[PDB]
Amino acid sequence: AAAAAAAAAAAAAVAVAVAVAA
Amino acid sequence: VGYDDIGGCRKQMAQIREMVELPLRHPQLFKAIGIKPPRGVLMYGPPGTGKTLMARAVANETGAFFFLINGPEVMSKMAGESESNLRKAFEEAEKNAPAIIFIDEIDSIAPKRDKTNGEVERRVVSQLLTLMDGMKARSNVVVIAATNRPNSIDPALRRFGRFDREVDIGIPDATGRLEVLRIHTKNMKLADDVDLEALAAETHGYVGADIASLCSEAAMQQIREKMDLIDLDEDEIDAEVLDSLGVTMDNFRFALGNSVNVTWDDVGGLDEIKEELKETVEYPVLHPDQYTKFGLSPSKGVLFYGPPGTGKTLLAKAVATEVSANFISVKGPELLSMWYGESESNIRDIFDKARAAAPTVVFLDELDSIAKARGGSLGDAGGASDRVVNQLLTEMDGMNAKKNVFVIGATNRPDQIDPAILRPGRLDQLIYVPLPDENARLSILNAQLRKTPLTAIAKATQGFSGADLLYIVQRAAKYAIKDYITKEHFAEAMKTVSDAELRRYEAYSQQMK
Amino acid sequence: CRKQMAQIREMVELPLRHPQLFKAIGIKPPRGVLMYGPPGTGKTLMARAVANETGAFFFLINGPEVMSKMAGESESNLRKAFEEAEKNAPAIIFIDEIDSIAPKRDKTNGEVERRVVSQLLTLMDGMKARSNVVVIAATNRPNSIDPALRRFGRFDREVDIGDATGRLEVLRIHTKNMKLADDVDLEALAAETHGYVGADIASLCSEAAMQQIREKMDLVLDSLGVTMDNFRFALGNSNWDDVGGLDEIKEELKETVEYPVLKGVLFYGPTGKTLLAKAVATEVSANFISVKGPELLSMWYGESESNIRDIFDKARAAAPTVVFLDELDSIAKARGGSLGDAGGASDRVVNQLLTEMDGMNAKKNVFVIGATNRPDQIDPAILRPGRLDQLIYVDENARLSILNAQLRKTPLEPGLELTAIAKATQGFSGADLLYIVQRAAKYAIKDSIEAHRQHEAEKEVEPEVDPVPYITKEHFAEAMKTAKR
Amino acid sequence: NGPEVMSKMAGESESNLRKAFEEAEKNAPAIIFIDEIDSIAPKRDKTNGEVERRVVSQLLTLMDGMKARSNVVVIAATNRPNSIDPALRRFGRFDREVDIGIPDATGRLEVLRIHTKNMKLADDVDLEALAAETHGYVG
Ligand SMILES: Nc1ncnc2c1ncn2[C@@H]1O[C@H](COP(=O)(O)OP(=O)(O)O)[C@@H](O)[C@H]1O
Ligand SMILES: Nc1ncnc2c1ncn2[C@@H]1O[C@H](COP(=O)(O)OP(=O)(O)O)[C@@H](O)[C@H]1O
């Protein structure tokens, strides 16, 4: 007989940065 | 495939040859001296400089196993996969005989674990750290990595044991480039009337990997040039076509056509200035043996100043082309940014590029805009100007080696520059470019109309600039296209610089003297 | 595709018919050919013609026809195909839909895919001189390809396949196995069909057959014929003269454009500048790229010499081209001196434009077209000779022609003349004429809706299909009441 | 039923499809309707297991194999058409699509009449008005 399997690894996120204008 | 395919990287090739052959050819020697060598190399330099070729050549000439790993190739979005790939790669490499692993573009998988955000990259960095150095670190295996920017690597990776030595493979010089060119063309059949020395001198700013592309393009152009009228062997092969093959100068020139072309001929007048410039630019590179026996460095800086449209940038291009050096021309405002720390970053990047490919002529136009007097401005723009000026001061003459870089400034307001850029050792030479005289107008008319089908119009200028004469010539050419060059065009074109500027310039020239 | 066909024939004959000559020359770089371009150009047709013009082997491998599910079942299959193509004879391998087994190994997250692409790369790189095998690969998009596959050694020779005879041949091939008709002319179907490729002719034939079957069902096996009207209604149910006035100006512009291509220009005035730019882009037989004024610096990340830089790179890549710079004043604005963040951005944009416009030599046949209303705010550094010297200065007849072209596909009232509107409006423009026409149409639609509501109310307590099928003169006279300049 | 083609024993879905097609063929030129094909035909990007590949390939080869005397047709009904294995869309497998869209006002009136023709309607019913306010209603 066969069998199944579950897998959940990770994802990809987005960050936000701040700058300093002269 | 062999060491004979290596050109220009003499010292580095010999170094790597030693490090890989000594412990394989005569391990008993290292047992006698009682140490082990370092098993790790970090190649850094521009892309396409024989890194992979050198690695595979070393692997082939010394019986071993070569395993190639790509940076992005082994990276995986899924969890627990990248480090497993690295582990199995190292394991199978260790299963074979003495082997040489090669990691290409390692900086993509070594983000320093400092500014990185994701978790996979730091885990694979840790996996590399464990694989290279740990309990039972390695048993008779050599590891080589290749990168373009080596500073973006984990400091833990650049340590002894992991990567003991760090070889530098930069852009090859003239002799190395000639070696590479002859190495590639050796297989090709070369027709007569072609000289490799000139084709090596002309290809001054070529990294080395695209020399092969140049040769292939030249061969393709020749074969395409002898196929329009000759059949494509669609019926039977011929014997009169096999003979009389080989690339000529025209094919290589066309391939090179596929950083400006000036040969000291278009320039008219300014004889003494031309002589001084060629004198002070050529000896440092033409005959450096005389300098090194006299034990003294050469002067580097030059500064023109005067009215506009006189030929300053043209003179710079001509001197850059006379020598086989490169040429980086930038404008003043073209580098400024409204952000904080960006202008200085641009200056540093330009000078790092200049020093990385020597000899090099850097040309700064409108130096007044960029190197303004620090003095007192009490403003944010004042702060930015002061910072960029200081960056120029420390980059032209600071804690550097100053191997070979010729800085040439061209300005229009010589009074608006601080008395620290004009210090000898930065821009020691100050040479005023004046307006052309009657004989200079004869020379400029003769040199402008070289490939085209005069005293009367030379005496009818009375203090014009070369740009005006170029405008006259282009208008005449346009009317010729609309309609050989007729006299009526010049007659009708004659009909179609402030004195204050002249006064100021002469004032600064006399006060300077 | 005469030039592209000749190039492909040379690249498939010289490295396949005279290998000895290639070896004698000493260059063996030709091993991979790519074919990109818009869909429906004849890439599959060219591949079939190549395969049917040579007696060599033809091992076609599709994109998604390599995935199996077994451990390393795609790399082993690729290796087997390559070994068969190398063992049989010096031949060509056709890779259709290459956009499926090359996910760039950087955005993908699978495993088998990242192993196959590597297998294909190591199989294309592992071609020696004695193999004498070539590869041709077709793709739809020219951007979703791994740069490692396009490196020197695997894929270096790319073609951009951008006709009526082939369409007629395909039509006669498809319809030659059916009792179609006795009064049909496939030449008209091959000429009128423009964008069909491969399957569109088959779909047209199928729809014609279906319409023929439906025609002879509501009103018998041997009496069946797909007539010309069936194909006509299957095609119909499937898928410089517009600038009035300024005749001498447009003639001079066309002559100047033709002579240079046998650099730049700028328009200024009160008028139809965008109309003239559209007519040039339409009726010049050349490429055309148009951007807005402040739209070239809206890409961010130093758009100054980033968006404009990549625009100029795309322009120089597709030489010759026409760069329609709309609102040149808004972009240049005579940067001069501002001493601010906006001033710095404007100066950077101006410097990028100067360094990407003054660097155009006689090569690449570039041509920048600018347009403005107020020439006072244009930068004199860009109007200097040698960069952009032309100055095209931009009536009743032009207004009448614009009004007649705007009301082409419009049910106008027969009792209406547009000469009165042309004579009344003097300092108007095409935009104001369009606004007046739109106001008249809105008034007509309001009147029609009011009449329809009145008819519905009368029915709840019959006119024609439309109570006002055409726009009367009253609608125009009421729309011109609130018309400005 | 789409998700009902799997089985308990090792490798029985393929046999299930094979016997299904055999029964559909042997009896007559019948018509077979596969519901929720998306449940057993996802794009390769969304496939990680191995039984999915096996059953998909079995269905592909069954679809391709079509004798001239079979005279059997397949009816597919998926509400998620953008997540289907494109291999099924190739000519010879599934060429004719049927975009069953949202009806217009007349269609809504027709549906109203169809559904209301089996109930006691008061005299005041005016389905025409109802078929104008039910803007987005579908079926
Ligand atoms: N010194 C050299 N001698 C011969 N070929 C060279 C040399 N330097 C570079 N090349 C050529 O450069 C091309 C690409 O360079 P390579 O070292 O393979 O890659 P990369 O440095 O970009 O990782 C190869 O064709 C190699 O022949
Ligand atoms: N001696 C010269 N020889 C050739 N061209 C010259 C000469 N002097 C001036 N010109 C022409 O006149 C203009 C000189 O301006 P340019 O070279 O841009 O220098 P500048 O930096 O002083 O503005 C150019 O068009 C150049 O071609």
# chains A, B, ... in the order shown; residues from 1 in each chain; ligands from 1
>>> interface_residues(of="chain A", to="chain C", cutoff="12 Å", atoms="only C-alpha atoms", output="VMD selection string")
chain A and resid 9 to 12 21 to 22
>>> write_last_selection(atoms="C-alpha atoms", output="PDB file, in the first residue's frame")
ATOM      1  CA  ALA A   9       9.277  24.491   4.856  1.00  0.00           C
ATOM      2  CA  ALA A  10       9.253  28.308   4.806  1.00  0.00           C
ATOM      3  CA  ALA A  11       8.218  31.361   2.772  1.00  0.00           C
ATOM      4  CA  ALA A  12       9.623  34.724   1.647  1.00  0.00           C
ATOM      5  CA  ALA A  21      18.632  62.504   2.558  1.00  0.00           C
ATOM      6  CA  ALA A  22      21.309  65.197   2.702  1.00  0.00           C
TER       7      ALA A  22
END
>>> residues_around(residues="residue C:170", least_positions_apart="4", cutoff="12 Å", atoms="only C-alpha atoms", output="PyMOL selection string")
chain C and resi 42+45+163-166+174-176+186-187+189-190+193+196-202+204-205
>>> residues_around(residues="residue C:100", least_positions_apart="6", cutoff="10 Å", atoms="only C-alpha atoms", output="PyMOL selection string")
chain C and resi 62-66+113+117+139+144-145
>>> residues_around(residues="residue B:408", least_positions_apart="2", cutoff="12 Å", atoms="only C-alpha atoms", output="PyMOL selection string")
chain B and resi 277+280-281+299-305+312-313+315-317+319-320+327-330+360-367+396+405-406+410-411+421-422+426-431
>>> select_by_dssp(residues="stretch 275-346 of chain B", states="strand (DSSP E)", output="ChimeraX atom specification")
/B:302-305,326-331
>>> residues_around(residues="residue C:392", least_positions_apart="6", cutoff="12 Å", atoms="only C-alpha atoms", output="number ranges by chain")
C: 246, 248-250, 252-253, 264-270, 273, 276, 369-373, 375
>>> write_last_selection(atoms="N, CA, C and O atoms", output="compact mmCIF listing (two decimals), in the first residue's frame")
# COMPACT_ATOMS: atom_id res chain seq x y z
N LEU C 246 -1.14 71.41 -43.01
CA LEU C 246 0.31 71.29 -42.82
C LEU C 246 0.90 70.34 -43.85
O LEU C 246 1.74 69.49 -43.54
N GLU C 248 2.84 70.94 -46.63
CA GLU C 248 4.26 71.15 -46.92
C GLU C 248 5.13 70.82 -45.72
O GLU C 248 6.23 70.29 -45.88
N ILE C 249 4.64 71.08 -44.50
CA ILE C 249 5.42 70.77 -43.31
C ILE C 249 5.60 69.26 -43.18
O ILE C 249 6.71 68.77 -42.95
N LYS C 250 4.51 68.51 -43.35
CA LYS C 250 4.60 67.06 -43.25
C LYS C 250 5.42 66.48 -44.40
O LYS C 250 6.14 65.50 -44.20
N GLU C 252 7.99 67.99 -45.91
CA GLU C 252 9.39 68.25 -45.57
C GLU C 252 9.86 67.31 -44.47
O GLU C 252 10.99 66.80 -44.52
N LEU C 253 9.02 67.06 -43.47
CA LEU C 253 9.40 66.15 -42.39
C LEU C 253 9.63 64.74 -42.92
O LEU C 253 10.62 64.09 -42.57
N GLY C 264 17.67 64.55 -34.62
CA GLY C 264 16.49 64.79 -33.81
C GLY C 264 15.65 65.90 -34.42
O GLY C 264 15.96 66.45 -35.47
N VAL C 265 14.57 66.22 -33.71
CA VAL C 265 13.65 67.27 -34.14
C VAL C 265 12.74 67.63 -32.97
O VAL C 265 12.50 66.81 -32.08
N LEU C 266 12.22 68.85 -32.98
CA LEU C 266 11.34 69.34 -31.92
C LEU C 266 10.23 70.18 -32.53
O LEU C 266 10.48 71.00 -33.42
N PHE C 267 9.01 69.97 -32.05
CA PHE C 267 7.84 70.71 -32.49
C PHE C 267 7.41 71.69 -31.40
O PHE C 267 7.47 71.37 -30.21
N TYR C 268 6.97 72.87 -31.83
CA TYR C 268 6.50 73.89 -30.90
C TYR C 268 5.38 74.68 -31.56
O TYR C 268 5.41 74.92 -32.77
N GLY C 269 4.40 75.07 -30.76
CA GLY C 269 3.27 75.83 -31.25
C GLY C 269 2.12 75.85 -30.26
O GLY C 269 2.25 75.42 -29.11
N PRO C 270 0.96 76.37 -30.70
CA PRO C 270 -0.24 76.45 -29.87
C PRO C 270 -0.93 75.10 -29.70
O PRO C 270 -1.72 74.72 -30.56
N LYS C 273 0.33 68.26 -32.40
CA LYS C 273 1.69 67.74 -32.32
C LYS C 273 1.68 66.24 -32.01
O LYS C 273 2.40 65.46 -32.65
N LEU C 276 0.62 64.44 -35.08
CA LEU C 276 1.71 64.29 -36.04
C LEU C 276 2.68 63.20 -35.60
O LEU C 276 3.18 62.43 -36.43
N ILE C 369 12.36 62.69 -31.15
CA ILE C 369 11.29 63.61 -31.53
C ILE C 369 10.72 64.20 -30.25
O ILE C 369 10.23 63.47 -29.38
N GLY C 370 10.77 65.53 -30.14
CA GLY C 370 10.24 66.22 -28.99
C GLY C 370 9.08 67.12 -29.36
O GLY C 370 8.95 67.53 -30.51
N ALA C 371 8.23 67.46 -28.39
CA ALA C 371 7.12 68.35 -28.64
C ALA C 371 6.84 69.18 -27.40
O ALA C 371 6.95 68.69 -26.28
N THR C 372 6.49 70.45 -27.61
CA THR C 372 6.20 71.35 -26.51
C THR C 372 5.24 72.43 -27.00
O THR C 372 5.10 72.67 -28.20
N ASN C 373 4.58 73.08 -26.04
CA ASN C 373 3.73 74.23 -26.32
C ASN C 373 4.45 75.55 -26.04
O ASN C 373 4.42 76.46 -26.87
N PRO C 375 8.03 77.11 -25.68
CA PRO C 375 9.47 76.85 -25.83
C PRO C 375 10.35 77.69 -24.92
O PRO C 375 11.58 77.56 -24.99
>>> atom_distance(atom1="atom CA of residue C:207", atom2="atom CA of residue D:66")
22.8 Å
>>> interface_residues(of="chain C", to="chain D", cutoff="9 Å", atoms="only C-alpha atoms", output="list in words")
residues 64, 67, 68, 69, 70 and 110 of chain C
>>> closest_atom_pairs(of="chain B", to="ligand 1", cutoff="8 Å", atoms="only C-alpha atoms and all ligand atoms", output="CSV")
residue,atom,partner,partner_atom_place_in_ligand_line,distance
B:5,CA,ligand 1,4 (C),5.1
B:6,CA,ligand 1,3 (N),4.1
B:7,CA,ligand 1,1 (N),3.8
B:8,CA,ligand 1,1 (N),5.5
B:9,CA,ligand 1,1 (N),6.2
B:46,CA,ligand 1,21 (O),7.3
B:47,CA,ligand 1,22 (O),4.2
B:48,CA,ligand 1,22 (O),3.0
B:49,CA,ligand 1,21 (O),4.1
B:50,CA,ligand 1,17 (O),2.9
B:51,CA,ligand 1,17 (O),4.0
B:52,CA,ligand 1,17 (O),4.2
B:53,CA,ligand 1,17 (O),4.4
B:54,CA,ligand 1,17 (O),6.7
B:104,CA,ligand 1,23 (O),7.1
B:146,CA,ligand 1,23 (O),7.4
B:172,CA,ligand 1,1 (N),7.8
B:176,CA,ligand 1,1 (N),7.3
B:177,CA,ligand 1,1 (N),7.6
B:179,CA,ligand 1,3 (N),7.6
B:180,CA,ligand 1,3 (N),4.8
B:181,CA,ligand 1,4 (C),8.0
B:183,CA,ligand 1,4 (C),6.7
B:184,CA,ligand 1,4 (C),6.8
B:207,CA,ligand 1,9 (C),7.6
B:208,CA,ligand 1,9 (C),4.8
B:209,CA,ligand 1,12 (O),3.1
B:210,CA,ligand 1,12 (O),6.5
B:211,CA,ligand 1,11 (C),7.4
B:212,CA,ligand 1,25 (O),6.2
B:213,CA,ligand 1,25 (O),8.0
>>> residues_near_ligand(ligand="ligand 2", cutoff="8 Å", atoms="only C-alpha atoms and all ligand atoms", output="mmCIF file with C-alpha atoms, in the first residue's frame")
data_model
loop_
_atom_site.group_PDB
_atom_site.id
_atom_site.type_symbol
_atom_site.label_atom_id
_atom_site.label_comp_id
_atom_site.auth_asym_id
_atom_site.auth_seq_id
_atom_site.Cartn_x
_atom_site.Cartn_y
_atom_site.Cartn_z
ATOM 1 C CA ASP B 266 42.726 65.855 -35.536
ATOM 2 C CA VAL B 267 44.289 68.143 -32.928
ATOM 3 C CA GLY B 268 45.477 71.420 -34.434
ATOM 4 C CA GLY B 269 47.757 73.989 -32.875
ATOM 5 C CA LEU B 270 48.912 73.986 -29.265
ATOM 6 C CA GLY B 306 40.609 78.992 -20.010
ATOM 7 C CA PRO B 307 37.613 79.826 -22.186
ATOM 8 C CA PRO B 308 35.293 76.996 -23.225
ATOM 9 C CA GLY B 309 35.227 74.981 -26.412
ATOM 10 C CA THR B 310 38.999 75.178 -26.825
ATOM 11 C CA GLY B 311 39.797 71.463 -27.121
ATOM 12 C CA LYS B 312 40.582 70.509 -23.543
ATOM 13 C CA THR B 313 38.549 67.303 -23.558
ATOM 14 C CA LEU B 314 39.689 66.631 -27.118
ATOM 15 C CA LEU B 315 43.299 67.028 -26.007
ATOM 16 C CA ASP B 365 35.618 68.344 -16.429
ATOM 17 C CA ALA B 410 39.689 71.031 -17.010
ATOM 18 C CA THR B 411 38.057 74.114 -15.519
ATOM 19 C CA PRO B 436 44.134 79.862 -31.606
ATOM 20 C CA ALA B 440 46.551 77.821 -35.432
ATOM 21 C CA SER B 443 46.240 74.033 -38.569
ATOM 22 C CA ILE B 444 42.681 73.546 -37.319
ATOM 23 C CA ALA B 447 43.109 68.928 -39.443
ATOM 24 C CA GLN B 448 39.317 69.264 -39.445
ATOM 25 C CA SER B 465 36.928 79.002 -30.681
ATOM 26 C CA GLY B 466 37.318 75.589 -32.246
ATOM 27 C CA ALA B 467 33.651 74.861 -31.589
ATOM 28 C CA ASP B 468 32.675 77.695 -33.934
ATOM 29 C CA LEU B 469 34.864 76.247 -36.685
ATOM 30 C CA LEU B 470 33.345 72.806 -36.121
ATOM 31 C CA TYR B 471 29.904 74.397 -36.445
#
>>> residues_around(residues="stretch 122-136 of chain C", least_positions_apart="4", cutoff="10 Å", atoms="only C-alpha atoms", output="ChimeraX atom specification")
/C:8,11-12,15-17,19,23,28,30-35,47,56-57,59-60,75,78-79,81-83,85-96,116-118,149,152-155,157-158
>>> closest_atom_pairs(of="chain D", to="chain A", cutoff="8 Å", atoms="only C-alpha atoms", output="CSV")
residue,atom,partner,partner_atom,distance
D:8,CA,A:1,CA,6.6
D:9,CA,A:1,CA,4.8
D:10,CA,A:1,CA,4.1
D:11,CA,A:2,CA,7.6
>>> residues_around(residues="residue D:39", least_positions_apart="5", cutoff="12 Å", atoms="only C-alpha atoms", output="list in words")
residues 1, 2, 3, 4, 5, 6, 34, 46, 47, 52, 55, 56, 76, 77, 78, 79, 80, 81, 83, 84 and 85 of chain D
>>> decode(residues="stretch 21-115 of chain D", atoms="C-alpha atoms", output="short mmCIF file (atom, residue, chain, number, x, y, z; two decimals), in the first residue's frame")
data_model
loop_
_atom_site.label_atom_id
_atom_site.label_comp_id
_atom_site.auth_asym_id
_atom_site.auth_seq_id
_atom_site.Cartn_x
_atom_site.Cartn_y
_atom_site.Cartn_z
CA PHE D 21 -12.56 3.59 -19.91
CA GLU D 22 -12.88 -0.09 -20.83
CA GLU D 23 -16.46 -0.17 -19.53
CA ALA D 24 -17.25 3.10 -21.29
CA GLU D 25 -15.92 1.71 -24.58
CA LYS D 26 -17.15 -1.89 -24.55
CA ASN D 27 -20.83 -1.06 -24.01
CA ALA D 28 -21.51 1.55 -26.70
CA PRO D 29 -20.29 4.86 -28.14
CA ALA D 30 -21.10 6.36 -24.76
CA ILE D 31 -20.35 9.72 -23.13
CA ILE D 32 -18.26 9.94 -19.95
CA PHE D 33 -18.25 12.95 -17.64
CA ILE D 34 -15.31 13.70 -15.34
CA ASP D 35 -16.24 16.14 -12.58
CA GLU D 36 -13.72 18.52 -11.01
CA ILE D 37 -10.84 17.68 -13.34
CA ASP D 38 -8.73 20.28 -11.53
CA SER D 39 -8.67 17.93 -8.54
CA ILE D 40 -6.71 15.39 -10.61
CA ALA D 41 -5.01 17.67 -13.14
CA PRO D 42 -2.91 20.46 -11.60
CA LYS D 43 -0.10 22.33 -13.30
CA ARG D 44 3.32 20.74 -12.86
CA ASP D 45 4.42 23.64 -10.65
CA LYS D 46 1.90 22.50 -8.01
CA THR D 47 2.89 18.81 -8.12
CA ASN D 48 5.30 17.23 -5.63
CA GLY D 49 4.01 13.70 -5.05
CA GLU D 50 4.46 10.74 -7.37
CA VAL D 51 1.00 9.16 -7.50
CA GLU D 52 -0.34 12.42 -8.94
CA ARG D 53 2.08 12.17 -11.86
CA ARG D 54 1.16 8.53 -12.45
CA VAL D 55 -2.59 9.12 -12.49
CA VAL D 56 -2.23 12.27 -14.61
CA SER D 57 -0.13 10.41 -17.18
CA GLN D 58 -2.57 7.50 -17.21
CA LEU D 59 -5.41 9.92 -17.90
CA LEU D 60 -3.36 11.62 -20.63
CA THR D 61 -2.64 8.36 -22.42
CA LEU D 62 -6.25 7.19 -22.05
CA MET D 63 -7.44 10.49 -23.54
CA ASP D 64 -5.04 10.27 -26.48
CA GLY D 65 -5.89 6.66 -27.32
CA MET D 66 -9.09 7.07 -29.34
CA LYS D 67 -9.94 4.60 -32.08
CA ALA D 68 -12.14 5.70 -34.97
CA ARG D 69 -14.90 3.28 -33.90
CA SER D 70 -14.88 4.34 -30.23
CA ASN D 71 -17.24 7.31 -30.77
CA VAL D 72 -17.03 8.26 -27.07
CA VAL D 73 -16.70 11.83 -25.81
CA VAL D 74 -15.46 13.26 -22.51
CA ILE D 75 -17.21 16.09 -20.65
CA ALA D 76 -15.02 18.14 -18.30
CA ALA D 77 -16.47 20.64 -15.81
CA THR D 78 -14.01 22.77 -13.82
CA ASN D 79 -14.76 26.02 -12.00
CA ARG D 80 -10.98 26.70 -11.71
CA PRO D 81 -9.71 26.71 -15.31
CA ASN D 82 -6.48 28.66 -14.69
CA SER D 83 -5.00 25.87 -12.55
CA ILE D 84 -5.17 22.98 -15.03
CA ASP D 85 -2.28 20.95 -16.43
CA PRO D 86 -1.80 22.62 -19.85
CA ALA D 87 -0.87 19.24 -21.34
CA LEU D 88 -4.59 18.45 -21.43
CA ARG D 89 -5.30 21.55 -23.54
CA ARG D 90 -3.25 20.29 -26.50
CA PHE D 91 -5.12 19.37 -29.66
CA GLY D 92 -6.56 15.86 -29.52
CA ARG D 93 -7.22 15.92 -25.76
CA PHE D 94 -9.37 18.98 -24.96
CA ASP D 95 -9.80 21.50 -27.78
CA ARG D 96 -13.36 22.89 -27.41
CA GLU D 97 -13.99 25.15 -24.41
CA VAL D 98 -17.40 26.28 -23.16
CA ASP D 99 -17.35 29.60 -21.28
CA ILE D 100 -20.62 29.25 -19.34
CA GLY D 101 -20.86 32.88 -18.24
CA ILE D 102 -23.29 35.00 -16.27
CA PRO D 103 -26.72 35.41 -17.92
CA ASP D 104 -28.22 38.74 -18.89
CA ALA D 105 -31.56 40.17 -17.75
CA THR D 106 -33.49 37.95 -20.16
CA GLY D 107 -31.57 34.91 -18.94
CA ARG D 108 -32.35 35.82 -15.34
CA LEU D 109 -36.05 36.15 -16.20
CA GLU D 110 -35.91 32.74 -17.87
CA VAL D 111 -34.32 31.19 -14.79
CA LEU D 112 -36.90 32.86 -12.54
CA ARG D 113 -39.73 31.45 -14.64
CA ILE D 114 -38.12 28.00 -14.65
CA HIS D 115 -37.73 27.90 -10.87
#
